[PDB]
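What follows is a short report on a single structure.
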Amino acid sequence: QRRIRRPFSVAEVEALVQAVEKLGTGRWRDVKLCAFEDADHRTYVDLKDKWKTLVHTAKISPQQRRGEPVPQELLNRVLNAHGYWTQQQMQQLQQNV
């Protein structure tokens with residue numbers, strides 16, 4: 001059958017992103033169960049690349065319907081998002097947003 005046990009994947013992670021984008025901390029749980037892909041943790045930027053693209057590929061529309069100039073927005077939003085979580089300190093050091 002060659003069937004591989006895969007209940008979740010990057011696709012599901014998408015929704016998980018919309019959920020953690022508020023009470024995030026460091027996509028630790030995301031990278032762990034992203035898709036059994038980075039469950040071993042490769043690199044901070046490596047995972048950052050797969051994550052930043054995971055969202056940019058969603059509906060960010062980096063083409064602007066014009067062309068392909070310089071997709072910097074995806075970088076500014078990815079670093080802002082993560083930095084926000086940590087710099088947010090959970091707002092109350094609790095998951096109770």
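Numbering starts fresh at 1 for the residues of each chain in the structure tokens, the chains themselves are lettered A, B, ... in the order given, and ligands are numbered from 1 as they appear.
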Which of chain A DSSP labels alpha helix (DSSP H), written as an NGL selection string: :A and (10-23 or 28-32 or 44-56 or 73-88)
Which is closer to residue 49 (chain A) than all the others in A:85, A:69, A:29, A:79, using only C-alpha atoms? A:79
Two-atom distance - CA of residue 40 (chain A), CA of residue 7 (chain A) (Å): 17.8 Å
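Nearest residue to residue 76 (chain A) among A:91, A:52, A:61, A:30 is A:52, counting only C-alpha atoms.
Separating CA of residue 56 (chain A) from CA of residue 21 (chain A) is a distance of 13.8 Å.
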